[PDB]
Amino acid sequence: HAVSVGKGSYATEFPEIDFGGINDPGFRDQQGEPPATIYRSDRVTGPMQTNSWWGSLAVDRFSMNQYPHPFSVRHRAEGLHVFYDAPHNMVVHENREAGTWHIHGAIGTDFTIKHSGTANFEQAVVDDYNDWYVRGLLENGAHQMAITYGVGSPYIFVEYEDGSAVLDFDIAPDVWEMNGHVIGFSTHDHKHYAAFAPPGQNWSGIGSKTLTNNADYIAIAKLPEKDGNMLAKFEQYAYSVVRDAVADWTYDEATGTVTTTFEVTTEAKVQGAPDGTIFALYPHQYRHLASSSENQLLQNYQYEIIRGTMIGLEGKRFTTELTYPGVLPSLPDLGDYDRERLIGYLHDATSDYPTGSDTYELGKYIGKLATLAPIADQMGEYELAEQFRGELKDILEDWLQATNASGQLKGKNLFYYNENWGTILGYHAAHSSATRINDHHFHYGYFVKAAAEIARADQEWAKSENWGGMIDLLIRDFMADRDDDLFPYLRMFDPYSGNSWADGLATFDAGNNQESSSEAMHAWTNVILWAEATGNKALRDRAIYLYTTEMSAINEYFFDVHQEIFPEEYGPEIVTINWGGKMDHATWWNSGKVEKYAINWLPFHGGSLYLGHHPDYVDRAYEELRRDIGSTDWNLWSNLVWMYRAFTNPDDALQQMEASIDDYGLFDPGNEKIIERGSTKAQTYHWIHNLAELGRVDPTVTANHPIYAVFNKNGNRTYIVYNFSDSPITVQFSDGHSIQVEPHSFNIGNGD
């Protein structure tokens, strides 16, 4: 059975897969479904949230190791293990022959939070969650322990049924402050914590390995320092348990400002407890803190974690402000290229084909075609552009239908709605996109790219009663709004951490991870273009919110542009994979040197200009990679490096491109030395030459519409706008400049 959505459809029964003769158990196991068992209480109904920092709690019987910074925690039969990575736990390791580096801590236990009545819970389940906290529930009949925690919370809130509190240590802690019902303590290795019980419920066991308390409520805090004034501050909010937490945003189109307010609602566990908490802010938040939140900062309240320094802030809410910088549907026709040569490369691209039947490889191919089409238009090759768009339509009109000619479900090239979790899965699948609900933004982002390029030339096709409904459905899978009947809220995105998490299950002792931040940014860019093309303001603004917030996380945790987060002894100028608990210069497959950088640059598209906002970073990263290679003889993906290099030095990029671009003949799946397989010569040539004429990205200038870019070459500014509207528009830039744009066109460099 299947459900119609305009001219398309999706499957509601798991299809009989067409393996196409392939016997490899790997490929066949990829054509499955996500886990049947979900560890959630009957309070958690509707589409299950995935791609979370906390997801292992939902998937494994207890949990794996999690990073509600500043803590790490894990659920066990015996209770909740709590740990903090102090500097003596932190390490930086290099494997020279592998070309990898690892910044990590340890899987230890500072202490265990336990229930007086049982050390043998049956399971731990998700009993509730919000935008960034979760409520874990350890269950053993009448015995329950409910633990509320989250990223950015220096508290762990503990609620007991049919028992009371126990804190268990391997080595007896130093209780340096005993206020009866509040204690300040330190581990044998000098890690400072506190525990809070209601007044009159005093702690026993002081001086021993086990601290007990008769209360049915306690809180644990990580203290920034061994300091009784801090303890007194933590005491004020220790009885205010977080029940709701919401990240509300606005996009002000006139200024480009994306404003996000993070707000909790708490429940008082003693008389008079304030409605509020103490937040621990990550760098990407506090570097952008609103003026009106500055007075809530607790200045000396600092935690060192993998993502650098966190700082304390008290109250009900705080606000961040970021600047959306615009995106483009593509670069315009402004380069000093040889036009017959670019036309030749466009014709050469007709030899390209997908190197796989799965959603990722197929996605890469349709991203390639979608990128060529507007370049072909610019060169006056409208037939060729139309050929590319036609191929896009045939592929999409296939994948977006679940049923064949006879009305039966297909065995491949279809989407299926898994009801158990509430997600759209594509078959053929790869990289655990269906078995783990991984990488939906990475894969489906390319499908939206394909659709946005079709919509730019053909609004009729993109209507919801036609093929638009199924495109809006894919988008909803990976970035649904609130109260969506089929999907959880913003699946991929962690509003507090500021980045997308790529693994649907998060069953790793380093928490969740994200490798290709650029493929995430690509997904958000394409939803912006799709939504602008189809007149969907609400959807567009949400993708703007995501593009802009994720940008802020990328610049800190992947690039460290400010040079404050990576340890000094860390050699690379990039982190490739960010986890909850660690950072890797490494890829998910066995790769060489360029790939461990370029996996956070690709693919290149009209939303990629964010990569050039920090020219010194771009120089610094390129120079480090060049030093490690020993030359400009790139081990793989040379064109991606040339393209990146053009952000700060297009002459040098031009020189490397001329020397080697034509070593590559026509498309060869087995050789990505020069041209990465999701990329083309045409794209490479068009991009570098455009950058050579335009100069540098100028993020200091904004516009009062969202599809634009500003460049600066030695003080001379080029302003670029694309107009998706049927009517002309006028665009005001923040430096006083004003331009007029005709319908369905760029303001300059439309080509022919």
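The first residue of the sequence shown is number 1, and the count goes up from there.
Which is higher in the entry, the mean Cα B factor of 667-675 or that of 497-505? Result: 667-675.
If you average the CA temperature factors as listed in the entry, which stretch comes out higher, 354-362 or 184-192? According to the entry, 354-362 carries the higher average C-alpha B-factor.
Which one of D398, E595, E94, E515 shows the top CA temperature factor in the record? The listed residue with the largest C-alpha B-factor is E94.
Highest recorded C-alpha temperature factor, please, choosing from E78, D128, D560, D170. Highest CA B-factor of the listed options: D170.
Lowest, middle or highest third: where is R61 by Cα B-factor in its chain? Tercile = middle for this residue's CA B-factor.
Lowest, middle or highest third of the chain for the C-alpha temperature factor of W588? Highest third.
Comparing against every modelled residue in the chain, figure out the third that the C-alpha B-factor of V264 lands in (lowest, middle or highest). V264: CA B-factor falls in the middle third of its chain.
Looking at the C-alpha B-factor of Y722, is it in the lowest, middle or highest third of its chain? It belongs to the middle third of the chain when residues are ordered by C-alpha B-factor.
Comparing against every modelled residue in the chain, figure out the third that the C-alpha B-factor of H689 lands in (lowest, middle or highest). It belongs to the middle third of the chain when residues are ordered by C-alpha B-factor.
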